[PDB]
J.: 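I have a structure I would like to understand better, so I am pasting it below and will then ask my questions one at a time.
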Amino acid sequence: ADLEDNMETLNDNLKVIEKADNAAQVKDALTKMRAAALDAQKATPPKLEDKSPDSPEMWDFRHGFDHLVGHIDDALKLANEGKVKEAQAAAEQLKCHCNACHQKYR
Ligand code: HEC
Ligand SMILES: [Ca+2]
Ligand SMILES: [Fe+3]
């Protein structure tokens with residue numbers, strides 16, 4: 001529901017994907033990461049809570065989720081075709097995009 005909830009949904013299911021035994025389990029966690037990322041996209045981070053919603057930082061925030069969802073969708077294609085290792089490495093690519101948004105706005 002709130003930005004913290006979604007942030008932990010991303011964090012949790014990253015672990016699920018790391019520990020998964022097949023690609024369908026990976027696809028499961030990713031689908032939950034997809035929904036958590038779009039929810040997060042709608043929130044206003046406390047760091048930016050004093051900024052215009054039309055401000056360059058507010059669009060940067062939202063566009064980081066666009067890029068994160070784009071990674072998830074490309075990991076899903078792999079996951080849906082049974083390549084568990086490829087899809088798990090796909091998800092590991094996400095981490096640098098997590099961290100990059102954190103540096104600015106966490
Ligand atoms: C901005 C475009 C983000 C991206 C992409 C990701 N995260 Fe994030 N995260 C972001 C903010 C602005 C915050 C602070 C929220 C607040 O209420 O102060 C966070 C915080 C987290 C946390 C822990 C903090 C908490 O409230 O529990 C975690 C565990 C976390 N974020 C995880 C995470 C992961 C794994 C991501 C990549 C899949 C990721 N985040 C992306 C902003 C953004
Ligand atoms: Ca793509
Ligand atoms: Fe990228």
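Start at 1 with the first residue, then count along the sequence. Any value given below was found using the heavy atoms of this structure, including those in side chains, with hydrogens, waters and symmetry copies removed.
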J.: Looking at residues at least two apart in the chain, or sitting in another chain, which of them share a side chain to side chain donor-acceptor pair (under 3.5 Å) with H67?
T.: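 Result, side chain to side chain donor-acceptor pair (under 3.5 Å) vs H67: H71, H97.
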
J.: Do the side chains of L30 and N13 get nearer than 4.5 Å, heavy atoms only?
T.: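 Side-chain contact under 4.5 Å: no.
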
J.: Only counting residues at least two apart or in another chain, list the ones meeting side chain to side chain donor-acceptor pair (under 3.5 Å) with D2.
T.: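 With neighbours one apart ignored, the set is empty.
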
J.: State which residues pass side-chain contact (heavy atoms from CB on, under 4.5 Å) with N80; sequence neighbours excluded, sorted by chain then number.
T.: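 Listed in chain order: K27, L76.
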
J.: If every non-hydrogen atom of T9 is compared with every non-hydrogen atom of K32, which pair is closest and at what distance?
T.: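 Where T9 meets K32 most closely, the heavy atoms are CG2-O, 3.9 Å.
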
J.: Which atom names give the shortest non-hydrogen contact between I17 and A29, and what distance separates them?
T.: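 Heavy atoms only, the tightest pair is CG1-CB, 3.5 Å.
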
J.: Can you check whether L94 reaches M33 side chain to side chain, under 4.5 Å on heavy atoms?
T.: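 They are in side-chain contact.
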
J.: Sequence neighbours left out, what passes salt bridge (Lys or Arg N to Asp or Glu O under 4.0 Å) with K104? Give chain and number order.
T.: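 Applying salt bridge (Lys or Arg N to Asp or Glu O under 4.0 Å) to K104 gives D60.
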
J.: Using the side-chain contact (heavy atoms from CB on, under 4.5 Å) rule, take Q103 and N99 through it: C-alpha gap first, then chi angles, then the decisive distance, then the call.
T.: CA-CA 6 Å; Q103 298 312 125; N99 185 102; 3.1 Å; yes

J.: Looking at every non-hydrogen atom in both residues, tell me the closest pair between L14 and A91 and how far apart they are.
T.: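 For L14 versus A91, the nearest heavy atoms are CD1-O, 4.2 Å.
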
J.: Quick one: CZ on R106 to SG on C98, what's the gap to the nearest 0.5 Å?
T.: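 One gets 10.0 Å once the value is rounded to the nearest 0.5 Å.
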
J.: With a 4.5 Å heavy-atom cut-off, do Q25 and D21 have their side chains touching?
T.: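 Yes, side chains in contact.
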
J.: Write down the atom of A87, the atom of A75, and the distance for their closest heavy-atom approach.
T.: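 That closest heavy-atom pairing would be CB-O, 3.9 Å.
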
J.: Is there a path of hydrophobic side-chain contacts, each under 4.5 Å between heavy atoms of I, L, V, M, F, W or Y residues, that connects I72 with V16?
T.: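 No, because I72 and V16 fall into different hydrophobic clusters, even though each may have its own neighbours under 4.5 Å.
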
J.: Using a 3.5 Å cut-off and no angle test, enumerate the donor-acceptor pairs between side-chain atoms of residues 38-51 and protein atoms at least two apart in sequence or in another chain.
T.:
| residue | atom | partner | partner atom | Å |
| --- | --- | --- | --- | --- |
| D39 | OD2 | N6 | ND2 | 2.9 |
| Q41 | NE2 | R62 | O | 2.9 |
| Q41 | NE2 | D66 | OD1 | 2.7 |

J.: Group every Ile, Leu, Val, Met, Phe, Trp and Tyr by side-chain heavy-atom contacts under 4.5 Å, then state whether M7 and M58 land in the same group.
T.: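 Shared cluster, yes.
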
J.: Does any pair with a residue in residues 68-95 pass salt bridge (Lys or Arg N to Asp or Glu O under 4.0 Å), and if so which ones, sequence neighbours excluded?
T.: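 Qualifying pairs, neighbours excluded: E18-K95, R34-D73, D74-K77, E92-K95.
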
J.: Which heavy atom of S55 sits nearest to which heavy atom of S52, and what is that distance?
T.: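 Closest approach of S55 to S52: OG-O, 2.8 Å.
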
J.: Give me each pair satisfying ring pair (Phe, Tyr, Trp, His ring centres under 6.0 Å) with a member in residues 40-62, each pair once, sequence neighbours excluded.
T.: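 Every pair satisfying ring pair (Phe, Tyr, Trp, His ring centres under 6.0 Å) with a residue in residues 40-62: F61-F65.
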
